[PDB]
Amino acid sequence: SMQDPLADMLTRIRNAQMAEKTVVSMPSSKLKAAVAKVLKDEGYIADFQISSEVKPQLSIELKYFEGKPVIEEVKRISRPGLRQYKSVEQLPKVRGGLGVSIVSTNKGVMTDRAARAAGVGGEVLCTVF
Amino acid sequence: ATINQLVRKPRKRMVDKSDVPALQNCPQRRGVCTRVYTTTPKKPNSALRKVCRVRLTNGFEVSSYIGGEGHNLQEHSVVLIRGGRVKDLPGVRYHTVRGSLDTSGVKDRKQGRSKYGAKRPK
RNA sequence: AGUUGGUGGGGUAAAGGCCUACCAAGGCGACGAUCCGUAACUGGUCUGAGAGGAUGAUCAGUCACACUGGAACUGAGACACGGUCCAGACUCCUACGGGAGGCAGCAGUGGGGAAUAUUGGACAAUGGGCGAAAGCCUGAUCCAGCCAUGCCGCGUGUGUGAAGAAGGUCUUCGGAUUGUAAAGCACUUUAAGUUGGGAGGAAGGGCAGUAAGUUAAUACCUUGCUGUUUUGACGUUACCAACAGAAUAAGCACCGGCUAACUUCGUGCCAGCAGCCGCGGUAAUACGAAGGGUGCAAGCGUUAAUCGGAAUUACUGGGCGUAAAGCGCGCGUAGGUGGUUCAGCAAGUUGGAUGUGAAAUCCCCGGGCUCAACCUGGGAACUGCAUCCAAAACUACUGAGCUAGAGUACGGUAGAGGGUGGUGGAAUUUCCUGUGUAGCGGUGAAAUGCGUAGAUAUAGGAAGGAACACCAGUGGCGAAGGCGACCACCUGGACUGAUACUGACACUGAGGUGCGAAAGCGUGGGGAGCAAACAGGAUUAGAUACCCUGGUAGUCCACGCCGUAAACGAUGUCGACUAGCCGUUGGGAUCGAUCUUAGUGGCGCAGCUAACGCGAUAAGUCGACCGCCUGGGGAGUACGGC
RNA sequence: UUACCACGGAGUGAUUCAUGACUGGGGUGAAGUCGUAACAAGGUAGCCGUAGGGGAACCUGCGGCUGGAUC
RNA sequence: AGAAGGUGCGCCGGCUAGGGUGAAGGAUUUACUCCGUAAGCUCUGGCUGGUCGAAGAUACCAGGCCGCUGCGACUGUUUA
Ligand SMILES: [Mg+2]
Ligand SMILES: [Mg+2]
Ligand SMILES: [Mg+2]
Ligand SMILES: [Mg+2]
Ligand SMILES: [Mg+2]
Ligand SMILES: [Mg+2]
Ligand SMILES: [Mg+2]
Ligand SMILES: [Mg+2]
Ligand SMILES: [Mg+2]
Ligand SMILES: [Mg+2]
Ligand SMILES: [Mg+2]
Ligand SMILES: [Mg+2]
Ligand SMILES: [Mg+2]
Ligand SMILES: [Mg+2]
Ligand SMILES: [Mg+2]
Ligand SMILES: [Mg+2]
Ligand SMILES: [Mg+2]
Ligand SMILES: [Mg+2]
Ligand SMILES: [Mg+2]
Ligand SMILES: [Mg+2]
Ligand SMILES: [Mg+2]
Ligand SMILES: [Mg+2]
Ligand SMILES: [Mg+2]
Ligand SMILES: [Mg+2]
Ligand SMILES: [Mg+2]
Ligand SMILES: [Mg+2]
Ligand SMILES: [Mg+2]
Ligand SMILES: [Mg+2]
Ligand SMILES: [Mg+2]
Ligand SMILES: [Mg+2]
Ligand SMILES: [Mg+2]
Ligand SMILES: [Mg+2]
Ligand SMILES: [Mg+2]
Ligand SMILES: [Mg+2]
Ligand SMILES: [Mg+2]
Ligand SMILES: [Mg+2]
Ligand SMILES: [Mg+2]
Ligand SMILES: [Mg+2]
Ligand SMILES: [Mg+2]
Ligand SMILES: [Mg+2]
Ligand SMILES: [Mg+2]
Ligand SMILES: [Mg+2]
Ligand SMILES: [Mg+2]
Ligand SMILES: [Mg+2]
Ligand SMILES: [Mg+2]
Ligand SMILES: [Mg+2]
Ligand SMILES: [Mg+2]
Ligand SMILES: [Mg+2]
Ligand SMILES: [Mg+2]
Ligand SMILES: [Mg+2]
Ligand SMILES: [Mg+2]
Ligand SMILES: [Mg+2]
Ligand SMILES: [Mg+2]
Ligand SMILES: [Mg+2]
Ligand SMILES: [Mg+2]
Ligand SMILES: [Mg+2]
Ligand SMILES: [Mg+2]
Ligand SMILES: [Mg+2]
Ligand SMILES: [Mg+2]
Ligand SMILES: [Mg+2]
Ligand SMILES: [Mg+2]
Ligand SMILES: [Mg+2]
Ligand SMILES: [Mg+2]
Ligand SMILES: [Mg+2]
Ligand SMILES: [Mg+2]
Ligand SMILES: [Mg+2]
Ligand SMILES: [Mg+2]
Ligand SMILES: [Mg+2]
Ligand SMILES: [Mg+2]
Ligand SMILES: [Mg+2]
Ligand SMILES: [Mg+2]
Ligand SMILES: [Mg+2]
Ligand SMILES: [Mg+2]
Ligand SMILES: [Mg+2]
Ligand SMILES: [Mg+2]
Ligand SMILES: [Mg+2]
Ligand SMILES: [Mg+2]
Ligand SMILES: [Mg+2]
Ligand SMILES: [Mg+2]
Ligand SMILES: [Mg+2]
Ligand SMILES: [Mg+2]
Ligand SMILES: [Mg+2]
Ligand SMILES: [Mg+2]
Ligand SMILES: [Mg+2]
Ligand SMILES: [Mg+2]
Ligand SMILES: [Mg+2]
Ligand SMILES: [Mg+2]
Ligand SMILES: [Mg+2]
Ligand SMILES: [Mg+2]
Ligand SMILES: [Mg+2]
Ligand SMILES: [Mg+2]
Ligand SMILES: [Mg+2]
Ligand SMILES: [Mg+2]
Ligand SMILES: [Mg+2]
Ligand SMILES: [Mg+2]
Ligand SMILES: [Mg+2]
Ligand SMILES: [Mg+2]
Ligand SMILES: [Mg+2]
Ligand SMILES: [Mg+2]
Ligand SMILES: [Mg+2]
Ligand SMILES: [Mg+2]
Ligand SMILES: [Mg+2]
Ligand SMILES: [Mg+2]
Ligand SMILES: [Mg+2]
Ligand SMILES: [Mg+2]
Ligand SMILES: [Mg+2]
Ligand SMILES: [Mg+2]
Ligand SMILES: [Mg+2]
Ligand SMILES: [Mg+2]
Ligand SMILES: [Mg+2]
Ligand SMILES: [Mg+2]
Ligand SMILES: [Mg+2]
Ligand SMILES: [Mg+2]
Ligand SMILES: [Mg+2]
Ligand SMILES: [Mg+2]
Ligand SMILES: [Mg+2]
Ligand SMILES: [Mg+2]
Ligand SMILES: [Mg+2]
Ligand SMILES: [Mg+2]
Ligand SMILES: [Mg+2]
Ligand SMILES: [Mg+2]
Ligand SMILES: [Mg+2]
Ligand SMILES: [Mg+2]
Ligand SMILES: [Mg+2]
Ligand SMILES: [Mg+2]
Ligand SMILES: [Mg+2]
Ligand SMILES: [Mg+2]
Ligand SMILES: [Mg+2]
Ligand SMILES: [Mg+2]
Ligand SMILES: [Mg+2]
Ligand SMILES: [Mg+2]
Ligand SMILES: [Mg+2]
Ligand SMILES: [Mg+2]
Ligand SMILES: [Mg+2]
Ligand SMILES: [Mg+2]
Ligand SMILES: [Mg+2]
Ligand SMILES: [Mg+2]
Ligand SMILES: [Mg+2]
Ligand SMILES: [Mg+2]
Ligand SMILES: [Mg+2]
Ligand SMILES: [Mg+2]
Ligand SMILES: [Mg+2]
Ligand SMILES: [Mg+2]
């Protein structure tokens with residue numbers, strides 16, 4: 001019944017990335033917007049736009065580079081059934097730093113690298129590589 | 001199993017029962033030969049196997065196998081038994097130690113004669 | 001039921017139902033009370049990459065106990081381990097009247113067991129009791145004795161030496177191997193043996209003098225220093241040196257694969273071996289020996305036990321279409337989880353500071369014993385808990401919102417959805433009556449059976465029970481089980497279109513609650529056809545079957561029970577995404593065509609799967625919750641509850 | 001002399017061990033006796049639930065499934 | 001099932017709680033009426049002492065109980 005909207009966002013991105021599409025549209029929220037922005041800063045997507053009119057729609061344009069999609073493995077970590085939190089010393093590494101893990105901290109939603117840069121841990125949302 | 005299901009009822013370790021219920025956590029135990037007889041192995045094998053029925057200090061009554069070519073066990077012989085199952089004989093779970101109390105070990109044996117209680121020929 | 005709270009009082013070193021008299025009826029429990037079984041706890045130990053699993057010998061901290069059950073006294077401290085009293089069980093002394101005893105202190109004995117040691121020395125050192133001080137006591141302690149029980153170290157010689165000696169073994173009879181191995185030749189003396197030297201564990205005590213302080217006093221006394229004397233169980237110490245000689249000192253398991261190491265001779269499904277596969281019945285690299293070899297080595301094997309490998313209880317890190325595994329199906333309680341905006345709060349979360357987290361142990365850098373084991377300095381760690389400070393993304397909590405989830409109001413559509421009555425036509429059977437006469441029926445072929453007491457066929461009439469051809473469809477409706485004649489009455493739900501409304505009211509669901517084919521059970525009706533049981537005839541070696549002729553329960557109705565099915569898509573419910581093509585049942589739109597919903601079928605790209613195969617009606621990509629599985633039998637059985 | 005109370009008595013229950021004449025199934029065995037139920041359309045297609053019957057595998061009725069061959 | 005089994009019980013005081021009847025008073029329907037009554041009489045209790053005997057349900061009165069089995073379901077009837 002959409003008890004996790006972020007998992008729906010990542011599932012939509014993965015499913016339409018596998019299907020060789022160009023734009024993904026979904027209901028938006030101020031958390032999905034932060035996730036989309038942090039992906040944009042990491043070069044995993046082309047662009048994201050938020051619609052107006054009371055029921056905003058968020059649309060994301062994807063990248064392909066070669067014949068294979070740029071995002072090959074995206075996975076949610078902290079679900080509503082588990083709620084995983086980690087400290088600075090325990091922030092997970094995906095592909096030994098070749099990827100990124102999104103972390104929600106009291107300074108906002110950022111990457112694990114920025115998380116150690118500010119020295120603030122938090123909740124591990126998902127891992128992308 | 002889901003995380004909530006596991007919280008309500010965690011995973012359980014199974015316990016493995018010992019194959020030697022007599023001699024409760026003991027390396028060896030002594031007993032008395034209530035009778036010495038001879039029996040026949042299972043299907044693919046054909047032989048005439050020597051076995052002694054032994055009553056232990058526990059009060060248990062079990063059957064032990066006598067190794068080697070010869071033996072001198074008879075009624076009311078005090079013996080020591082150790083673990084070890086004989087595959088061909090059904091119901092035989094123990095071995096009789098040669099050369100410990102009343103078994104005297106095999107004679108004219110010269111190779112590997114420490115499992116049969118034989119002194120160095122010298 | 002002093003049970004839970006209150007008041008007055010008592011009592012204790014001290015709070016308190018700790019106790020007492022009244023007042024009230026409370027307290028605990030599915031976050032597991034009560035009851036049953038088992039067990040001292042921790043630092044730690046062993047395994048494991050870790051997470052975990054197993055476990056509390058030795059050493060250290062705490063607790064409890066002192067033949068069994070009670071009780072108090074003395075005391076700063078005890079309900080008292082070598083104290084008192086009372087009772088009990090069990091031993092013993094006795095002159096027969098009468099008393100004593102408690103090794104779970106150190107040695108020791110019997111017993112039990114597979115199994116665990118000396119009736120040793122000294123208070124020299126460190127501690128403890130008393131004394132003022134000498135000093136006395138101390139089975140604490142320090143040391144010795146025994147035991148390959150473990151960990152570590154060192155020996156059992158070194159170099160040269162080819163007639164490749166003799167012997168053993170194998171052979172193609174040439175030889176190969178044991179093998180530089182042996183012998184011979186030349187070296188060295190570790191350890192053990194004998195003899196001579198020789199520390200360190202030692203601080204102090206006694207005596208005399210001296211110098212300070214003590215007062216009021218050079219006295220006594222305390223303290224410094226000087227001189228002399230005196231102390232060791234271990235102990236024939238550690239250690240060092242000299243002497244003769246190679247002399248004093250290798251065993252155990254295995255050799256088919258897993259697994260490093262191969263051939264002969266005996267034996268012939270015997271004797272035997274074996275962790276698992278399995279060897280042995282006349283050429284056995286698997287049994288038993290011999291030669292050779294391989295692993296370890298003062299040890300080597302076997303047995304018992306824990307963890308690992310085992311991702312084989314899977315948090316990390318598994319599964320449920322067919323291998324084990326989705327409840328027969330709904331509704332719903334506790335619980336778990338929660339669409340989207342603001343604002344607040346700071347429980348979760350994050351960062352910092354402070355206190356604690358005993359020592360020992362494990363880890364790092366060092367220091368000593370000739371090395372190592374061992375001892376020891378410093379550090380790191382002890383991943384935890386607690387209190388303050390700060391942050392506000394997420395979760396939780398509070399206030400106000402919103403309409404994308406959910407629901408309400410209004411017209412229509414389809415339907416074997418359910419219940420109570422009534423009514424139809426075809427057909428079977430039975431009874432009556434007419435005509436008519438020798439067969440009917442059934443089979444693979446027969447027979448039983450029905451017929452001249454007039455059958456079957458044929459015509460008319462009557463009675464009664466049950467099922468509802470053709471429509472009929474990969475068709476429809478229902479949560480599932482299931483629901484087909486027609487009509488009336490009562491009644492649930494679903495599809496479909498627009499507008500308006502409520503404003504998260506949602507999903508799942510352990511327990512519980514209902515519905516639930518057929519067969520079956522109870523009471524009362526009904527009974528045409530069919531038909532378990534049963535009778536007879538066939539078939540057959542037999543035929544308690546298949547086949548034939550009959551035939552009772554049952555099948556039908558009302559009410560009640562029963563709770564099961566290959567109750568199946570062998571596939572839990574809910575939500576969101578992901579190329580296409582061909583049908584079909586309801587309904588909408590736009591112009592027979594195009595689009596769009598809710599079902600019901602056939603193919604198929606990615607993806608998935610062990611494969612078959614699934615593939616928008618997933619078994620694909622993901623979320624929320626629940627159920628279930630852990631080798632085959634025994635067994636969905638026994639016992640207990642309901 | 002009273003209060004508290006250990007031992008010890010009396011009555012009646014619960015639970016748990018061992019044992020018991022005699023009985024019911026199960027497993028493992030070897031060249032035994034009787035049949036041939038399943039696997040092919042296994043020679044009457046097999047299974048599932050329920051009822052009756054029979055030396056035994058099993059047969060028959062009622063409902064269900066395909067995890068059934070020919071077509 | 002009164003299963004089985006157990007505890008108390010006499011007499012004299014102290015304190016204490018209830019019920020019935022019922023003057024005086026009050027009301028109106030003024031009379032064979034309604035409410036209600038101090039004393040007296042009468043019937044139920046509670047917790048606290050003391051005291052005698054060998055014994056307090058003291059006499060008469062007044063169930064014995066339990067465990068396995070056969071038969072008949074039971075209450076009833078029958079050979080004056
Ligand atoms: Mg073994
Ligand atoms: Mg009280
Ligand atoms: Mg008080
Ligand atoms: Mg009080
Ligand atoms: Mg419990
Ligand atoms: Mg214990
Ligand atoms: Mg592991
Ligand atoms: Mg560990
Ligand atoms: Mg380790
Ligand atoms: Mg423990
Ligand atoms: Mg000890
Ligand atoms: Mg201690
Ligand atoms: Mg403590
Ligand atoms: Mg202590
Ligand atoms: Mg304590
Ligand atoms: Mg104690
Ligand atoms: Mg003792
Ligand atoms: Mg004792
Ligand atoms: Mg005592
Ligand atoms: Mg006393
Ligand atoms: Mg006293
Ligand atoms: Mg005192
Ligand atoms: Mg004590
Ligand atoms: Mg004492
Ligand atoms: Mg004591
Ligand atoms: Mg003590
Ligand atoms: Mg003692
Ligand atoms: Mg005494
Ligand atoms: Mg006594
Ligand atoms: Mg006594
Ligand atoms: Mg003793
Ligand atoms: Mg002792
Ligand atoms: Mg003890
Ligand atoms: Mg002994
Ligand atoms: Mg013994
Ligand atoms: Mg020993
Ligand atoms: Mg000892
Ligand atoms: Mg001393
Ligand atoms: Mg003296
Ligand atoms: Mg002594
Ligand atoms: Mg030693
Ligand atoms: Mg040994
Ligand atoms: Mg030992
Ligand atoms: Mg030779
Ligand atoms: Mg020497
Ligand atoms: Mg000295
Ligand atoms: Mg000497
Ligand atoms: Mg090999
Ligand atoms: Mg061998
Ligand atoms: Mg041979
Ligand atoms: Mg072998
Ligand atoms: Mg051999
Ligand atoms: Mg051995
Ligand atoms: Mg072992
Ligand atoms: Mg084990
Ligand atoms: Mg083992
Ligand atoms: Mg494991
Ligand atoms: Mg294992
Ligand atoms: Mg593993
Ligand atoms: Mg898991
Ligand atoms: Mg598995
Ligand atoms: Mg599941
Ligand atoms: Mg199967
Ligand atoms: Mg299910
Ligand atoms: Mg199902
Ligand atoms: Mg269900
Ligand atoms: Mg349920
Ligand atoms: Mg249910
Ligand atoms: Mg079932
Ligand atoms: Mg529900
Ligand atoms: Mg709820
Ligand atoms: Mg939310
Ligand atoms: Mg909630
Ligand atoms: Mg907020
Ligand atoms: Mg913190
Ligand atoms: Mg520590
Ligand atoms: Mg050193
Ligand atoms: Mg703030
Ligand atoms: Mg006729
Ligand atoms: Mg007719
Ligand atoms: Mg159906
Ligand atoms: Mg029925
Ligand atoms: Mg019936
Ligand atoms: Mg009936
Ligand atoms: Mg009837
Ligand atoms: Mg009939
Ligand atoms: Mg028939
Ligand atoms: Mg018939
Ligand atoms: Mg009939
Ligand atoms: Mg019947
Ligand atoms: Mg009916
Ligand atoms: Mg069905
Ligand atoms: Mg099933
Ligand atoms: Mg299955
Ligand atoms: Mg279901
Ligand atoms: Mg589903
Ligand atoms: Mg629903
Ligand atoms: Mg769904
Ligand atoms: Mg859905
Ligand atoms: Mg397909
Ligand atoms: Mg699969
Ligand atoms: Mg598979
Ligand atoms: Mg999940
Ligand atoms: Mg979940
Ligand atoms: Mg899920
Ligand atoms: Mg099993
Ligand atoms: Mg088993
Ligand atoms: Mg088993
Ligand atoms: Mg059962
Ligand atoms: Mg049993
Ligand atoms: Mg039962
Ligand atoms: Mg009695
Ligand atoms: Mg009793
Ligand atoms: Mg008793
Ligand atoms: Mg019994
Ligand atoms: Mg018995
Ligand atoms: Mg018997
Ligand atoms: Mg059959
Ligand atoms: Mg057959
Ligand atoms: Mg058949
Ligand atoms: Mg046949
Ligand atoms: Mg078949
Ligand atoms: Mg069954
Ligand atoms: Mg059947
Ligand atoms: Mg039947
Ligand atoms: Mg039956
Ligand atoms: Mg039959
Ligand atoms: Mg039937
Ligand atoms: Mg059928
Ligand atoms: Mg009575
Ligand atoms: Mg008296
Ligand atoms: Mg009585
Ligand atoms: Mg009685
Ligand atoms: Mg009887
Ligand atoms: Mg009798
Ligand atoms: Mg009678
Ligand atoms: Mg009678
Ligand atoms: Mg009778
Ligand atoms: Mg009767
Ligand atoms: Mg009767
Ligand atoms: Mg009467
Ligand atoms: Mg009577
Ligand atoms: Mg008479």
Side-chain angles (χ1 to χ4, degrees), chain A residues 1-21 24-31 34 54-57 74-76 78-90 102-110 115 118-125, chain B residues 1-14 16 18-20 23-30 40-50 56-58 67-70 80-88 90-91 94-95 97-98 100-101 106 108-116 120:
Chain A
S1 294
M2 294 298 102
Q3 308 198 2
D4 182 318
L6 203 66
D8 203 15
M9 176 206 193
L10 282 71
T11 299
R12 282 183 196 270
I13 297 169
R14 183 200 305 117
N15 279 353
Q17 183 63 256
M18 176 159 141
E20 291 287 325
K21 271 169 176 28
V24 289
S25 62
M26 64 184 73
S28 73
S29 55
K30 70 186 295 294
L31 176 62
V54 184
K55 285 198 291 182
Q57 295 297 109
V74 58
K75 185 168 39 83
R76 188 133 163 73
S78 170
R79 39 193 198 85
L82 210 44
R83 289 311 173 173
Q84 183 177 318
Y85 311 93
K86 295 255 163 293
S87 77
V88 173
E89 293 179 353
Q90 295 297 109
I102 287 150
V103 182
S104 166
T105 63
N106 56 74
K107 316 230 182 182
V109 165
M110 64 184 73
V120 171
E123 160 163 358
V124 178
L125 261 57
Chain B
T2 67
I3 280 296
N4 220 32
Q5 279 175 322
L6 284 187
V7 171
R8 296 187 282 128
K9 183 182 37 153
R11 300 214 191 260
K12 288 302 316 183
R13 298 287 184 184
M14 73 291 291
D16 299 349
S18 82
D19 192 63
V20 290
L23 55 88
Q24 306 98 12
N25 296 115
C26 295
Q28 303 95 35
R29 291 288 272 203
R30 70 177 168 93
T40 286
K42 186 183 286 185
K43 181 63 70 177
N45 289 27
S46 186
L48 184 63
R49 303 265 187 252
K50 284 86 190 162
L56 298 176
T57 71
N58 296 115
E69 283 83 4
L80 204 71
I81 73 160
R82 64 170 174 86
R85 185 205 64 174
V86 177
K87 204 165 175 322
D88 267 342
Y94 304 91
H95 268 78
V97 189
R98 306 289 307 228
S100 194
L101 286 177
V106 301
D108 269 0
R109 176 153 197 121
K110 291 174 71 175
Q111 268 174 191
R113 79 291 183 276
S114 177
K115 313 180 174 186
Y116 302 91
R120 191 161 170 226

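Order of the sequence lines fixes the chain letters, A, B, ..., with proteins taken first and strands second; residue numbering starts at 1 for each chain. All values below were derived from every heavy atom in this structure, side-chain atoms included, with hydrogens, water molecules and symmetry-related copies excluded.
The shortest distance between the side-chain N/O atoms of B:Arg29 and the OP1/OP2 oxygens of C:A114 is below 4.0 Å. The phosphate of C:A289 has neither OP1 nor OP2 within less than 4.0 Å of any side-chain N or O from B:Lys110. The side chain of B:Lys43 contributes no N or O atom lying less than 4.0 Å from OP1 or OP2 of D:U28. The phosphate of C:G272 has neither OP1 nor OP2 within less than 4.0 Å of any side-chain N or O from B:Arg49. For the OP1/OP2 pair of C:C276 and a distance below 4.0 Å, the side-chain nitrogens and oxygens of B:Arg85 include at least one atom meeting the criterion. For C:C622, the OP1/OP2 oxygens have no side-chain nitrogen or oxygen of A:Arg12 closer than 4.0 Å.
Ranked by how close their nearest RNA chain C nucleotide is to the 5' end, B:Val86 and B:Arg30 are led by B:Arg30.
In this entry the distance linking CE of A:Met110 with P of C:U350 reads 15 Å, nearest Å. Atom pair A:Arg79:CZ and C:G623:P shows a separation of 8 Å (rounding to whole Å applied). For the pair A:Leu125 CG and C:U349 P, the interatomic distance rounds to 17 Å; values are reported in whole Å. The separation between B:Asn25 atom CG and C:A54 atom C1' is 14 Å, rounded to whole Å. Atom CG of B:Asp16 is separated from atom P of C:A304 by 15 Å (rounded to the nearest Å). Between the CG atom of B:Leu6 and the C1' atom of C:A314 there is a distance of 10 Å, given to the nearest Å. Computed from coordinates, the B:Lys42 NZ to C:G278 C1' distance equals 13 Å when rounded to whole Å. Rounded to whole Å, atom P of C:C273 lies 16 Å from atom NZ of B:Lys87.
C:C240 and C:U230 are spaced 32 Å apart, taking the P atom of each and rounding to whole Å. Taking atom P in both C:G339 and C:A624, one finds a spacing of 12 Å when rounded to whole Å. Using atom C1' as the reference point in both C:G168 and C:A192, the two lie 37 Å apart (nearest Å).
With both atom-pair distances required to fall under 3.5 Å, no Watson-Crick or G-U wobble pair links C:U316 to C:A598. Pairing between C:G48 and C:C173: absent (Watson-Crick or G-U wobble, both distances under 3.5 Å). Taken together, C:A122 and C:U141 meet the test for a Watson-Crick or G-U wobble pair: both N-N or N-O distances fall under 3.5 Å. Taken as a pair, C:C279 and C:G272 qualify: Watson-Crick (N1-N3 plus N6-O4 or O6-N4) or G-U wobble (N1-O2 and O6-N3), both under 3.5 Å. In this structure, C:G135 forms a base pair with C:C130, meeting the Watson-Crick or G-U wobble definition at 3.5 Å. A canonical Watson-Crick pair (purine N1 to pyrimidine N3 plus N6-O4 or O6-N4) or a G-U wobble (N1-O2 and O6-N3), each contact under 3.5 Å, is present between C:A186 and C:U158. Between C:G213 and C:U58 there is no base pair of the Watson-Crick or G-U wobble kind with both of its two distances under 3.5 Å. A Watson-Crick or G-U wobble pair joins C:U160 and C:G184, with the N1-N3 or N1-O2 distance and the second distance both under 3.5 Å. A Watson-Crick or G-U wobble pair links C:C258 with C:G275, each of its two atom distances being under 3.5 Å. Under a 3.5 Å limit on both donor-acceptor distances, the bases of C:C483 and C:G476 meet the Watson-Crick or G-U wobble criterion.
For A:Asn15 against C:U621, a side-chain N or O and a base N or O form a donor-acceptor pair under 3.5 Å. No hydrogens or angles were tested; on distance alone, a donor-acceptor pair under 3.5 Å links the side chain of B:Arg11 to the base of C:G318.
Counting any heavy atom pair closer than 4.0 Å across all strands shown, A:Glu20 reaches no nucleic acid atom. At the heavy-atom level, B:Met14 lies under 4.0 Å from base atoms of the strands shown.
Among the nucleotides C:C315, C:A576, C:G113, the one closest to the side chain of B:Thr57 is C:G113. For B:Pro27, the listed nucleotide lying nearest its side chain is C:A114; candidates were C:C628, C:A114, C:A576. Residue A:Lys21 has its side chain nearest to C:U578 when only C:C402, C:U578, C:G623 are considered. For B:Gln28, the listed nucleotide lying nearest its side chain is C:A114; candidates were C:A114, C:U621, C:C628.
A negative value of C1'-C2'-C3'-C4' puts the sugar of C:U544 in the south, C2'-endo-like family. Here C:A567 has a north sugar; its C1'-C2'-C3'-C4' angle has a plus sign. Sugar pucker of C:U119 is south, as judged by a negative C1'-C2'-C3'-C4' dihedral.
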Below 3.5 Å between N/O atoms, which protein atoms pair up with nucleotides 333-342 of chain C? Just atom names and distances, please.
from	atom 1	to	atom 2	distance (Å)
C:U337	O2'	A:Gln3	OE1	2.5
C:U337	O2	A:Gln3	OE1	3.4
C:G338	OP1	A:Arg83	NH2	3.2
C:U341	OP1	A:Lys30	N	2.8

Provide a list of protein-nucleic acid N or O atom pairs under 3.5 angstrom, restricted to nucleotides 266-270 of chain C.
from	atom 1	to	atom 2	distance (Å)
C:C270	OP1	B:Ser46	OG	3.2
C:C270	OP2	B:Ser46	O	2.7
C:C270	OP2	B:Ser46	OG	2.9

Quick tally for nucleotides 251-256 of chain C: nucleotides whose base has a protein heavy atom under 4.0 Å get B, sugar-phosphate-only ones S, the rest -, giving SSSS--
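Using a 4.5 Å heavy-atom threshold, the side chains of A:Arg76 and A:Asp4 count as touching.
The glycosidic torsion of C:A134 lies more than 90° away from 0, placing the base in the anti range. Nucleotide C:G17 carries a syn base; the chi torsion (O4'-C1'-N9-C4 or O4'-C1'-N1-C2) is within 90° of 0.
With both pairing distances under 3.5 Å, C:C207 is matched to C:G227 as a Watson-Crick or G-U wobble pair. Base pairing analysis places C:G524 opposite C:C557; the two distances defining the Watson-Crick or G-U wobble pair are each below 3.5 Å.
Taking 4.0 Å as the cut-off between side-chain N and carboxylate O, B:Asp19 and B:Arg85 do not count as a salt-bridged pair.
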